[PDB]
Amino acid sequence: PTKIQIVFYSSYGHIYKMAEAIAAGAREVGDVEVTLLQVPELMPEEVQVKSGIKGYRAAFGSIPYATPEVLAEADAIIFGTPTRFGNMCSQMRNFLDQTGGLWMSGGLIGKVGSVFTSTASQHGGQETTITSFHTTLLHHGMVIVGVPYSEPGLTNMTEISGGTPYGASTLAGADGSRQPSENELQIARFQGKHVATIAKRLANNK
């Protein structure tokens, strides 16, 4: 069966929710194993307690932790990260910085890579976070898949919404209060289904 890994960091739960929607879309293709994996936290125990994040992260506390070498087991990996000033977050960056051995062994070469994100504002890194993420995936020799415009949600012009042709996204607001909308989750579902379709066509032809 086609193995799809969804590897994400989340502080407030936005990326976690999008991840579940991505997973749901992927499972629609059939002959597919979808696995959610979270990246290790870096933030100090205390800062974590004081921020409330410790509480928020607990909502998905039972998700197993990703490791650099487990990535080699997948046919596709869809990475999720909140933006930090238009780049991936340091938690995701440290995790990927750890894939040096995976790199020299060629472990991700020819695998399908895709990305999704979340931001506080409408155009603060909705796109740049994804495209800079793509750079690292290309270093790993992955094939890059985004979200085609055959998904109607990408052209929605009546509600504020994330979702880019580079990859799905969601808006969290300044204070992280806004939860992902149905349009945003529909776009993520499509991404998971689309990535899984492509990975399966590649995987069934070793």
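One rule holds for the numbers: they count along the sequence shown, beginning at 1.
Comparing 157-165 with 56-64, the higher mean C-alpha B-factor in the PDB entry belongs to 56-64. Taking only CA atoms, the mean B-factor in the PDB entry is higher for 23-31 than for the other of 66-74 and 23-31. The maximum CA B-factor among the listed residues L138, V147, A172, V39, taken from the PDB record, is found at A172. Remark: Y9 belongs to the lowest third of its chain, ranked by C-alpha B-factor as recorded. Placement of the Cα temperature factor of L102 within the chain: middle third of the modelled residues, per the deposited record.
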